[PDB]
Amino acid sequence: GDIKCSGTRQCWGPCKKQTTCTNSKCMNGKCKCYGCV
Numbered sequence: 001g002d003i004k005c006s007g008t009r010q011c012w013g014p015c016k017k018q019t020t021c022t023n024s025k026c027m028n029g030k031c032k033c034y035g036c037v
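Just so it is clear: in the sequence shown, position 36 is 36 by the entry's author numbering, and no numbers are missing.
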């Protein structure tokens with residue numbers, strides 16, 4: 001269920017709602033949360 005986006009921040013928004021760890025990379029218009037490791 002990757003979140004569609006363009007920039008990085010755009011991903012952090014929805015990425016935070018799912019995982020506090022906003023640290024992610026928006027590639028191919030897809031948001032892939034890295035998660036807390």
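For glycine and all other residues, C-beta sits at the position ideal for the given N, C-alpha and C.
Note to self: Would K32 and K4 qualify as a contact pair, given that the criterion is a beta-carbon distance under 8 Å?
What the structure shows: No, the pair does not count as a contact, with Cβ atoms beyond the cut-off.
Handout entry: Extent of the continuous beta strand (DSSP E) to which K4 belongs
Key = From DSSP, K4 is part of no beta strand (DSSP E); its letter is neither H nor E.
| said: Given a cut-off of 8 Å on the beta-carbon distance, is the pair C21 and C36 in contact? | reply: yes
Check: How would you label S24, buried or exposed, when you count the other beta carbons within 10 angstroms and need 16 or more for buried?
Finding: Label assigned to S24: buried.
Segment limits, beta strand (DSSP E) that includes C11
It is not in any beta strand (DSSP E) - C11 instead sits in the alpha helix (DSSP H) that spans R9 to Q18.
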